[PDB]
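Written below as structure tokens is the structure these notes are about.
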Amino acid sequence: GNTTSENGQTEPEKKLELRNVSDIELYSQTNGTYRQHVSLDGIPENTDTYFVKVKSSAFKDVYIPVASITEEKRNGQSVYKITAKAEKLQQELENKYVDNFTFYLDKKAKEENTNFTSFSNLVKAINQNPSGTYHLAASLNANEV
């Protein structure tokens with residue numbers, strides 16, 4: 001019949017934090033030329049030469065090197081969870097603070113029948129038979145192509 005505990009404010013520590021993160025892009029350096037790995041990462045890569053580019057609506061973009069690319073079932077699907085290593089980057093994720101910038105990507109499989117999920121697959125699906133009917137499954141980024 002009571003709820004008695006303590007707290008503390010307790011001056012907090014100072015770290016680096018990304019607040020207005022409007023969008024998050026992934027680039028690579030495989031063939032010596034940088035390109036946009038917008039989707040379809042497949043199996044997580046063996047070597048971590050990627051670097052995450054976070055574009056913000058408040059201030060300019062930030063480039064940070066990747067640390068760990070793994071696969072985690074968000075709802076029983078191939079969702080790539082990627083973490084970012086910075087000297088002190090704290091990400092207010094789900095009302096709690098994590099010591100690394102971690103974010104999830106989207107998709108995996110390509111819809112040969114009808115590119116309803118991604119551009120890299122849409123441009124391939126349309127070129128097969130232009131006539132017919134097509135629908136989009138979600139907003140699709142054309143950076144992929």
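Please note that chains go A, B, ... in the order of the structure tokens, that every chain numbers its residues from 1, and that ligands are numbered from 1 in the order shown.
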*Going by DSSP on the backbone, which bits of region 15-145 of chain A are alpha helix (DSSP H)? Write them as a list in words, please.*
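Those residues are residues 119, 120, 121, 122, 123, 124, 125, 126, 127 and 128 of chain A.
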I want to know what sits within 12 Å of region 107-111 of chain A, based on only C-alpha atoms, with residues of the same chain fewer than 3 positions away left out; could you give that as an mmCIF file with C-alpha atoms, in the first residue's frame?
data_model
loop_
_atom_site.group_PDB
_atom_site.id
_atom_site.type_symbol
_atom_site.label_atom_id
_atom_site.label_comp_id
_atom_site.auth_asym_id
_atom_site.auth_seq_id
_atom_site.Cartn_x
_atom_site.Cartn_y
_atom_site.Cartn_z
ATOM 1 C CA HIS A 37 23.273 0.089 -50.067
ATOM 2 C CA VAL A 38 19.717 1.274 -49.535
ATOM 3 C CA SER A 39 18.274 -2.243 -49.234
ATOM 4 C CA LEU A 40 18.906 -5.957 -49.811
ATOM 5 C CA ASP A 41 21.981 -6.405 -47.649
ATOM 6 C CA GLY A 42 21.408 -10.166 -47.584
ATOM 7 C CA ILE A 43 23.639 -12.133 -45.243
ATOM 8 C CA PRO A 44 25.568 -9.752 -42.942
ATOM 9 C CA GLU A 71 20.083 -9.976 -38.188
ATOM 10 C CA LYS A 73 13.632 -10.713 -36.206
ATOM 11 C CA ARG A 74 11.619 -7.539 -35.651
ATOM 12 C CA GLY A 76 9.719 -12.698 -37.665
ATOM 13 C CA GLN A 77 11.407 -11.158 -40.711
ATOM 14 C CA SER A 78 14.920 -10.539 -42.037
ATOM 15 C CA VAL A 79 15.543 -7.184 -40.359
ATOM 16 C CA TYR A 80 19.182 -6.114 -40.318
ATOM 17 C CA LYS A 81 20.116 -4.360 -37.075
ATOM 18 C CA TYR A 104 17.184 -1.271 -38.205
ATOM 19 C CA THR A 114 5.875 -7.573 -59.051
ATOM 20 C CA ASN A 115 8.362 -5.109 -57.421
ATOM 21 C CA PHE A 116 5.946 -3.817 -54.696
ATOM 22 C CA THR A 117 8.704 -3.507 -52.062
ATOM 23 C CA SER A 118 11.873 -1.911 -53.472
ATOM 24 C CA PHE A 119 13.234 0.188 -56.388
ATOM 25 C CA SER A 120 16.221 -2.107 -57.178
ATOM 26 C CA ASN A 121 13.559 -4.745 -57.892
ATOM 27 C CA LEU A 122 10.984 -2.402 -59.452
ATOM 28 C CA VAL A 123 13.267 -1.338 -62.308
ATOM 29 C CA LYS A 124 14.006 -5.012 -62.974
ATOM 30 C CA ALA A 125 10.360 -6.093 -62.822
ATOM 31 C CA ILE A 126 9.026 -3.374 -65.125
ATOM 32 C CA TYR A 134 1.602 -2.753 -60.573
ATOM 33 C CA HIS A 135 1.291 -1.543 -56.980
ATOM 34 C CA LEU A 136 3.719 -0.197 -54.399
ATOM 35 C CA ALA A 137 4.067 -1.952 -51.019
ATOM 36 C CA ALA A 138 5.781 0.962 -49.189
ATOM 37 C CA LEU A 140 10.595 3.159 -52.075
#
*Please give the complete set of residues from chain A that DSSP, run on the backbone, assigns to strand (DSSP E), formatted as an MDAnalysis selection string.*
chainID A and resid 16:17 23:28 35:36 51:55 62:71 80:84 89:93 96:98 101:104
*Tell me which protein, DNA and RNA residues are within 10 Å of residue 87 (chain A), counting only C-alpha atoms, leaving out same-chain ones fewer than 4 positions away, and put them as a PyMOL selection string.*
chain A and resi 15-16+64+99-100
Next, write the just-selected residues to a file, as a short mmCIF file (atom, residue, chain, number, x, y, z; two decimals), in the first residue's frame, keeping N, CA and C atoms as the atom set.
data_model
loop_
_atom_site.label_atom_id
_atom_site.label_comp_id
_atom_site.auth_asym_id
_atom_site.auth_seq_id
_atom_site.Cartn_x
_atom_site.Cartn_y
_atom_site.Cartn_z
N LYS A 15 27.50 13.66 -23.22
CA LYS A 15 27.93 12.79 -24.30
C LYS A 15 27.49 13.39 -25.63
N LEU A 16 27.82 12.71 -26.72
CA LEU A 16 27.37 13.10 -28.04
C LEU A 16 26.06 12.40 -28.36
N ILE A 64 29.59 8.19 -39.65
CA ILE A 64 30.16 7.42 -38.54
C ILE A 64 30.43 5.99 -38.99
N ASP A 99 24.46 3.17 -25.33
CA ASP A 99 25.79 3.72 -25.54
C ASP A 99 26.26 3.62 -26.99
N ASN A 100 25.42 3.16 -27.91
CA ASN A 100 25.80 3.08 -29.31
C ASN A 100 24.58 3.36 -30.18
#
_Report as a ChimeraX atom specification all protein, DNA and RNA residues lying within 7 Å of residue 63 (chain A), evaluated on only C-alpha atoms, omitting residues in the same chain fewer than 6 positions from it._
/A:51-54
*Please, what distance in Å, to one decimal, runs between CA of residue 58 (chain A) and CA of residue 14 (chain A)?*
20.1 Å
*Close residues, residue 50 (chain A) itself excluded, 8 Å, only C-alpha atoms, min 2 positions apart in chain, as a list in words*: residues 26, 27, 28, 29, 48, 52, 65 and 66 of chain A
_Residue contacts of residue 98 (chain A) (12 Å, only C-alpha atoms) excluding same-chain residues fewer than 6 positions away, as a PyMOL selection string_ = chain A and resi 15-18+83-85+88-92
